[PDB]
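Take a look at this single chain, the form deposited in one PDB entry, given in structure tokens.
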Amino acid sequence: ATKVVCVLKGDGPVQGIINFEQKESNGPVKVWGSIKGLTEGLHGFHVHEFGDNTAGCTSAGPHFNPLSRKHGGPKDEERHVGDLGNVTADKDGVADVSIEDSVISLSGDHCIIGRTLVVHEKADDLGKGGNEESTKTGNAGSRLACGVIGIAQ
């Protein structure tokens, strides 16, 4: 019923297309698409608070956290709304994304429209890194590509 999309771009070779669909406002969001140009392995994947790309992906600010929680993985109670975990890039640098998430939404206070989706340099440790930064960012390092989440047809 509601369809949203994001095109991810940055300063390097990483580009992606992510689709979000939500049949009902009380239902999960399906997240699907592809990110290419990645190094093989896990890459942190988050909704960040601002749909602001003024100075590139850094302008998007911290993880989208309207409920003032610590950083976690998508299957944790203790997570930011924006905590979508990791995508996995294959040996050819392609991450085929396929996520169902119950915490993000396309309406209400958990709505991600007009926020920024970011794919990161390093794996997200999902809050299990053993340092203070693990509880804030998951130690996922720099921002390879991002885009503002917009309303689709």
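Residues carry their position along the shown sequence, with the first being 1.
Judged by mean Cα B factor in the deposited record, 25-33 ranks above the other of 111-119 and 25-33. Just going by the entry, 1-9 versus 143-151 on mean CA temperature factor gives the higher value to 1-9.
Residue-level inspection of the entry shows that, of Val97, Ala60, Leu106, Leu84, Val97 has the top Cα B-factor.
Across the options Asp52, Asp124, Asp90, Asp101, the residue with the most elevated CA B-factor in the record is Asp90. Sort the modelled residues of the chain by CA B factor and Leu42 lands in the middle third.
Sorting the modelled residues of the chain by their CA temperature factor places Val14 in the highest third.
From this point on, the text means the form deposited with a partner chain bound, which you will not see here.
Although the partner is absent here, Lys70 sits far enough away that none of its heavy atoms falls within 4.5 Å of the partner chain in the bound PDB entry.
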